[PDB]
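Taking it in order: structure first as structure tokens, then the write-up.
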Amino acid sequence: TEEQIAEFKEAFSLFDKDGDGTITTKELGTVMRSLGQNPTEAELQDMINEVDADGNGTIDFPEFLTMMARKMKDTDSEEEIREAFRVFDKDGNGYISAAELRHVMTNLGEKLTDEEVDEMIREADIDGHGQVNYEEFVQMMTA
Amino acid sequence: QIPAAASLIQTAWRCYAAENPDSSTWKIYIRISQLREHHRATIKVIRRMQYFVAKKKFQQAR
Ligand SMILES: [Ca+2]
Ligand SMILES: [Ca+2]
């Protein structure tokens, strides 16, 4: 809404290598590989399709602005993250074991590093049964 | 359901953690010798996009 635009335009221009005002899967993949990532074409297409509002397969600056302005901590995201934790809370007591949490975080999905999970758990505030109250996580990430 | 749930938690946490400039989440970019400001910016964009993808995939499975 102010000088944020110049920042977002700088950010946009990092991805749009050929300068045509449009970001393709190929260009997104170029930036990610330069960070040492190895995304598949399926992952590149999902990322574009989430931002690409007119369905032409590429990202223009207004679509980029829309995604950079999207709310990440609103009530809808809060409830979705809470239901994601609830998948691992079979009994529905509001608690996950620290051991189950570390295994899920390190071995499934994106696979966080041990140091990353260490940082998660340190902020978790475990109880005296090795259980994590994940509602605290949800609130902590959406505050 | 389970992979989609794990990935939403992990991408959400990676977005949150990238707000703290000294988080251990920054040490994973081992291809880069020195993390510069413009790297931090592009990484934040990518992470925001990965979170939105994970949110959509979980909404489908939930
Ligand atoms: Ca382009
Ligand atoms: Ca488009």
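A note on labels: chains of the structure tokens are A, B, ... as shown, every chain counts residues from 1, and ligands are counted from 1 in their shown order.
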Query raised in the report: Residues of chain B within 9 Å of chain A, using only C-alpha atoms, as an MDAnalysis selection string?
Result: chainID B and resid 1:17 23:25 28:32 38:39 41:43 45:46 48:53 55:56 58:59 62
Query - Within-9 Å residues of ligand 1, basis only C-alpha atoms and all ligand atoms, as a PyMOL selection string - result: chain A and resi 13+15-24+26-27+58-60
Give me a file of those residues, with N, CA, C and O atoms, as an mmCIF file, in the first residue's frame.
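File produced: selection_0.cif:
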```cif
data_model
loop_
_atom_site.group_PDB
_atom_site.id
_atom_site.type_symbol
_atom_site.label_atom_id
_atom_site.label_comp_id
_atom_site.auth_asym_id
_atom_site.auth_seq_id
_atom_site.Cartn_x
_atom_site.Cartn_y
_atom_site.Cartn_z
ATOM 1 N N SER A 13 10.453 -9.133 -9.694
ATOM 2 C CA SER A 13 11.451 -9.089 -10.757
ATOM 3 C C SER A 13 12.545 -10.140 -10.566
ATOM 4 O O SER A 13 13.135 -10.599 -11.550
ATOM 5 N N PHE A 15 11.970 -13.186 -9.802
ATOM 6 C CA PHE A 15 11.478 -14.426 -10.395
ATOM 7 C C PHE A 15 11.351 -14.327 -11.911
ATOM 8 O O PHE A 15 11.615 -15.302 -12.620
ATOM 9 N N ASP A 16 10.945 -13.165 -12.423
ATOM 10 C CA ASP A 16 10.652 -12.989 -13.847
ATOM 11 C C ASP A 16 11.951 -12.654 -14.576
ATOM 12 O O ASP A 16 12.275 -11.491 -14.833
ATOM 13 N N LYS A 17 12.695 -13.715 -14.914
ATOM 14 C CA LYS A 17 14.040 -13.571 -15.471
ATOM 15 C C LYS A 17 14.021 -12.833 -16.809
ATOM 16 O O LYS A 17 14.771 -11.869 -17.012
ATOM 17 N N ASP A 18 13.169 -13.266 -17.735
ATOM 18 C CA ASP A 18 13.180 -12.711 -19.083
ATOM 19 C C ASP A 18 12.479 -11.358 -19.186
ATOM 20 O O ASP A 18 12.405 -10.806 -20.291
ATOM 21 N N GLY A 19 11.956 -10.830 -18.077
ATOM 22 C CA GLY A 19 11.423 -9.477 -18.033
ATOM 23 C C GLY A 19 10.096 -9.243 -18.727
ATOM 24 O O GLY A 19 9.735 -8.088 -18.947
ATOM 25 N N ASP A 20 9.343 -10.292 -19.066
ATOM 26 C CA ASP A 20 8.091 -10.125 -19.792
ATOM 27 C C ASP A 20 6.888 -9.901 -18.886
ATOM 28 O O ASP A 20 5.754 -10.009 -19.356
ATOM 29 N N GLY A 21 7.101 -9.557 -17.616
ATOM 30 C CA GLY A 21 5.986 -9.307 -16.718
ATOM 31 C C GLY A 21 5.181 -10.533 -16.331
ATOM 32 O O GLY A 21 4.028 -10.398 -15.904
ATOM 33 N N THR A 22 5.768 -11.726 -16.429
ATOM 34 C CA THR A 22 5.041 -12.970 -16.204
ATOM 35 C C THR A 22 5.993 -14.025 -15.637
ATOM 36 O O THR A 22 7.130 -14.125 -16.099
ATOM 37 N N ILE A 23 5.559 -14.785 -14.621
ATOM 38 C CA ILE A 23 6.391 -15.832 -14.011
ATOM 39 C C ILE A 23 5.817 -17.179 -14.400
ATOM 40 O O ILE A 23 4.650 -17.470 -14.102
ATOM 41 N N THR A 24 6.651 -18.001 -15.047
ATOM 42 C CA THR A 24 6.341 -19.362 -15.458
ATOM 43 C C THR A 24 6.875 -20.369 -14.437
ATOM 44 O O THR A 24 7.693 -20.044 -13.573
ATOM 45 N N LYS A 26 8.981 -22.698 -15.221
ATOM 46 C CA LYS A 26 10.416 -22.766 -15.497
ATOM 47 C C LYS A 26 11.194 -21.723 -14.700
ATOM 48 O O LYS A 26 12.267 -22.023 -14.158
ATOM 49 N N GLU A 27 10.685 -20.483 -14.641
ATOM 50 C CA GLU A 27 11.389 -19.421 -13.921
ATOM 51 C C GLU A 27 11.293 -19.618 -12.405
ATOM 52 O O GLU A 27 12.271 -19.405 -11.686
ATOM 53 N N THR A 58 0.337 -18.649 -15.874
ATOM 54 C CA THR A 58 1.481 -17.861 -15.427
ATOM 55 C C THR A 58 1.026 -16.801 -14.426
ATOM 56 O O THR A 58 -0.163 -16.564 -14.231
ATOM 57 N N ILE A 59 1.993 -16.156 -13.784
ATOM 58 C CA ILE A 59 1.723 -15.199 -12.717
ATOM 59 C C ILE A 59 2.111 -13.811 -13.203
ATOM 60 O O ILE A 59 3.287 -13.564 -13.484
ATOM 61 N N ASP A 60 1.138 -12.894 -13.266
ATOM 62 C CA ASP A 60 1.422 -11.493 -13.553
ATOM 63 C C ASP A 60 1.548 -10.711 -12.245
ATOM 64 O O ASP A 60 1.198 -11.201 -11.165
#
```
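Residues of protein or nucleic acid lying within 7 Å of ligand 2, counting only C-alpha atoms and all ligand atoms, are residues 52, 53, 54, 55, 56, 57, 58, 59, 60 and 63 of chain A.
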Mind writing the picked residues with N, CA, C and O atoms as a PDB file, in the first residue's frame?
```pdb
ATOM      1  N   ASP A  52      -2.239 -18.209  -9.774  1.00  0.00           N
ATOM      2  CA  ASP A  52      -2.709 -17.834 -11.110  1.00  0.00           C
ATOM      3  C   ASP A  52      -4.237 -17.704 -11.131  1.00  0.00           C
ATOM      4  O   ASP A  52      -4.955 -18.693 -11.298  1.00  0.00           O
ATOM      5  N   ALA A  53      -4.748 -16.480 -11.021  1.00  0.00           N
ATOM      6  CA  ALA A  53      -6.189 -16.275 -10.861  1.00  0.00           C
ATOM      7  C   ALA A  53      -6.979 -16.302 -12.174  1.00  0.00           C
ATOM      8  O   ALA A  53      -8.164 -16.662 -12.156  1.00  0.00           O
ATOM      9  N   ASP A  54      -6.370 -15.970 -13.316  1.00  0.00           N
ATOM     10  CA  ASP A  54      -7.068 -16.031 -14.605  1.00  0.00           C
ATOM     11  C   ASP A  54      -6.791 -17.306 -15.408  1.00  0.00           C
ATOM     12  O   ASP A  54      -7.114 -17.354 -16.603  1.00  0.00           O
ATOM     13  N   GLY A  55      -6.174 -18.315 -14.800  1.00  0.00           N
ATOM     14  CA  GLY A  55      -6.034 -19.612 -15.434  1.00  0.00           C
ATOM     15  C   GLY A  55      -5.248 -19.662 -16.731  1.00  0.00           C
ATOM     16  O   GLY A  55      -5.432 -20.603 -17.504  1.00  0.00           O
ATOM     17  N   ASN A  56      -4.358 -18.705 -16.992  1.00  0.00           N
ATOM     18  CA  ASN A  56      -3.519 -18.783 -18.187  1.00  0.00           C
ATOM     19  C   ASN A  56      -2.167 -19.431 -17.908  1.00  0.00           C
ATOM     20  O   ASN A  56      -1.278 -19.383 -18.765  1.00  0.00           O
ATOM     21  N   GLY A  57      -1.986 -20.021 -16.724  1.00  0.00           N
ATOM     22  CA  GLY A  57      -0.780 -20.772 -16.426  1.00  0.00           C
ATOM     23  C   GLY A  57       0.423 -19.974 -15.975  1.00  0.00           C
ATOM     24  O   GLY A  57       1.464 -20.576 -15.708  1.00  0.00           O
ATOM     25  N   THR A  58       0.337 -18.649 -15.874  1.00  0.00           N
ATOM     26  CA  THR A  58       1.481 -17.861 -15.427  1.00  0.00           C
ATOM     27  C   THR A  58       1.026 -16.801 -14.426  1.00  0.00           C
ATOM     28  O   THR A  58      -0.163 -16.564 -14.231  1.00  0.00           O
ATOM     29  N   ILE A  59       1.993 -16.156 -13.784  1.00  0.00           N
ATOM     30  CA  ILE A  59       1.723 -15.199 -12.717  1.00  0.00           C
ATOM     31  C   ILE A  59       2.111 -13.811 -13.203  1.00  0.00           C
ATOM     32  O   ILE A  59       3.287 -13.564 -13.484  1.00  0.00           O
ATOM     33  N   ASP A  60       1.138 -12.894 -13.266  1.00  0.00           N
ATOM     34  CA  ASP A  60       1.422 -11.493 -13.553  1.00  0.00           C
ATOM     35  C   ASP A  60       1.548 -10.711 -12.245  1.00  0.00           C
ATOM     36  O   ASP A  60       1.198 -11.201 -11.165  1.00  0.00           O
ATOM     37  N   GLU A  63      -1.478 -10.549  -9.838  1.00  0.00           N
ATOM     38  CA  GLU A  63      -1.712 -11.825  -9.159  1.00  0.00           C
ATOM     39  C   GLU A  63      -0.694 -12.057  -8.045  1.00  0.00           C
ATOM     40  O   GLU A  63      -1.045 -12.554  -6.968  1.00  0.00           O
TER      41      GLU A  63
END
```
**Report entry** Neighbour list for residue 40 (chain B) as a ChimeraX atom specification, cut-off 9 Å, only C-alpha atoms, skip fewer than 6 positions in-chain
**Finding:** /B:18,21,26
Resulting file, chosen residues, N, CA, C and O atoms, as a tab-separated table (two decimals), in the first residue's frame:
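The file below, out-v4.tsv, is the result:
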```
chain	number	residue	atom	x	y	z
B	18	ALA	N	10.29	-18.34	9.65
B	18	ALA	CA	11.07	-17.42	8.82
B	18	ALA	C	10.92	-15.97	9.27
B	18	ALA	O	11.71	-15.12	8.87
B	21	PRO	N	14.69	-13.85	12.34
B	21	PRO	CA	15.88	-13.91	11.46
B	21	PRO	C	16.98	-14.83	11.97
B	21	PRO	O	17.88	-15.17	11.19
B	26	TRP	N	16.74	-21.12	8.93
B	26	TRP	CA	17.58	-20.49	7.93
B	26	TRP	C	18.83	-21.31	7.62
B	26	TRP	O	19.41	-21.13	6.54
```
Report task. Using CA of residue 124 (chain A) and CA of residue 37 (chain B) as the two end points, give the distance in Å to one decimal. Result ->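 Result for CA of residue 124 (chain A) versus CA of residue 37 (chain B): 28.9 Å, one decimal.
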